[PDB]
Each structure stands twice: as C-alpha cells, then as structure tokens.
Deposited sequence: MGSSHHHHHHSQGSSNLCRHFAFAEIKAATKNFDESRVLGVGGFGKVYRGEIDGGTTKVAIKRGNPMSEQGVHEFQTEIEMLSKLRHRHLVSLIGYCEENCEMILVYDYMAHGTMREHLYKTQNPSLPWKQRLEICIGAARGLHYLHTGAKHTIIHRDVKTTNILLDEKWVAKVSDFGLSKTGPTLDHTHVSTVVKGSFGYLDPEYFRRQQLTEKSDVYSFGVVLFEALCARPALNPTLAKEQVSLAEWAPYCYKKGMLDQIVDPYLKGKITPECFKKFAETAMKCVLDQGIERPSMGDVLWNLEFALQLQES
C-alpha cells in the first residue's frame, strides 16, 4: 500500500479546488485527481481527524482494502495521514454510482442486459468478500450508491468503512437476532436487485404503507402476480419471461426474513448469470 505526502494530494486535486469535488460522504469531501504525471485518474476522500467515527472508518477502510484485489471491488491506491490528516486515494470511477443511472437523474436509462451485467459484477465482488479473503468480510452497507461504475461500465463495490470480519437496506433480522451474518449482505443485495428492476428508492417514506420499503413491496407484488406493474417503465417488454421469473425469484430469496433461509452470494451470482442466459 502506497503512502502519499500531503503535498502530492494537493497536486493531485489542484489544491482541493471545488471544481474537482465529486460529492461529499459522511467521511468528508471527495475530489477527482490525477497522479503519476496524469496517467492515473483517482478519487481522493478527505476525512476529518477529530471525528472519532471518521478515524474508525479510515483505519477500517485501510485495514480491509490493502489486502484485497478484485475486478469488482474499488481499488485503494494509497492514503495520507501526514499532518494528522485522513486521506484515502482510490481508482476513479468515471460513471459514478449505480443509483445515478437508475432514477432521480438526467442520465439515460440502462438497457436490461447492462443492468443484469452490473448486478453480476457486484455479486462477484460480494462473493469475493465472503469467500476470497482470509476471513469472511461483511460489507454491511451494500446499496446502489456503493456500487460504482468505471469508464467501461464495470461494476465495483466501494465504501468499506463499516466492514467487519442505510434505511431500506438494513437486514430486519439484525434488530431481532442481533448477529453478524454475511446473509445481511445478501439481504441488502436483494434490495439492490429490486432497485435495478423497479428503478425507485429502496425507502420512499412518502408512499402508502405497503410500498414504503422496496424490500417488502416488491415480494408482495410478485406474490400477487403484479410485480410487472412496478417494474421500471424503460424495462417494460424488455425482459423475457424466464429471465424475469428467475431474476425475481432470486431477489425474493435474498430478502427472506431469516438469514439462514437466504442463499449464499455464490448461489445468487449463479442465478443472475443463469438469468442473463435465459434473457438470450
């Protein structure tokens, strides 16, 4: 893992110019930059060292990512804690979050096959977290803003601040059984799947009661045989019946009330790849 002088971080971000701000997370602000004389594009996150929350997420992010390498996880390039700073340096994800291509956006809507391929990519990254590291990594904040898209639309999981060995995505079983299970990622990922299909927030607190939480509303509509009616209008008629059925049954299994009933990410990944094949 690389360490950057605080001067190199200023050079990368044209001295934290707000032209280069991409957004602000609860850790701090994120800047687009370039290092190595402009060959490598980067996203740079500045935390606040006097936030106890921030410092915990900072070391968690560095402890995790410095040992992981996977096509569908955002790579951490390096970091800077010089001058009592908290700076993280990642690969730039040129197409932003999955969420900003699903709704509340002026970006074009995504073809079904690319939506499916984005969800397979994320499922591969999550599968690697659960089976490819020394111990299972529980991401704990899987959501559509934490799936980033690079210049070639490769889906990548990000935001490892709450990782251990958001409303609407929270495993309801946590508030009841109180354990740490990777099945809590499966639950959140199932909500992500329903988001890709229906193109609406996982939690819309303005709706009728049954519809507030996508995780409950979409299973309910599928049982009633009306899931077709809350599908993204851009997707109407674009999904074959066998892909629709396989995709929806896979999402449904992920948001079961009990984590032990839920499939593994391996099983989920295989069923999405099966769905993609049934789409052709």
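Unmodelled segments of the deposited chain, in sequence order: 1-17, 183-197, 313.
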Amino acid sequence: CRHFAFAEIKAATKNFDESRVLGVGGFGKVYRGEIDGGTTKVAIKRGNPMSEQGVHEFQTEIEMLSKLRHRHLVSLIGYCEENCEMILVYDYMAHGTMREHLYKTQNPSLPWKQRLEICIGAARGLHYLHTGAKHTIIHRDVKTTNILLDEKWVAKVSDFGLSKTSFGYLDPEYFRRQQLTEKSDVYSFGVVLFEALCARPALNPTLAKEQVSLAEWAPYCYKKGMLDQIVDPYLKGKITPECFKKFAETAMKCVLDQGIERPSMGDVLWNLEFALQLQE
From here on, numbers count along this sequence of modelled residues.
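Averaged over Cα atoms, the B-factor as recorded in the entry is higher for 169-177 than for the other of 169-177 and 192-200.
Higher mean CA temperature factor between 29-37 and 221-229: 29-37, per the PDB entry. Remark: of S75, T136, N83, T145, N83 shows the highest value [criterion: C-alpha B-factor in the PDB entry]. Residue set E151, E210, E182, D141: peak C-alpha B-factor at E151 (per PDB entry). When the modelled residues of the chain are ordered by C-alpha B-factor, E261 sits in the middle third. In this PDB entry, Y234 carries a Cα temperature factor that places it within the middle third of its chain's modelled residues. In the PDB entry, a CA B factor belonging to the lowest third of its chain's modelled residues is recorded for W112.
Residue-level temperature factors show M93 in the lowest third of its chain, judged at the C-alpha atom. Ranked by C-alpha B-factor against the other modelled residues of its chain, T240 falls in the middle third.
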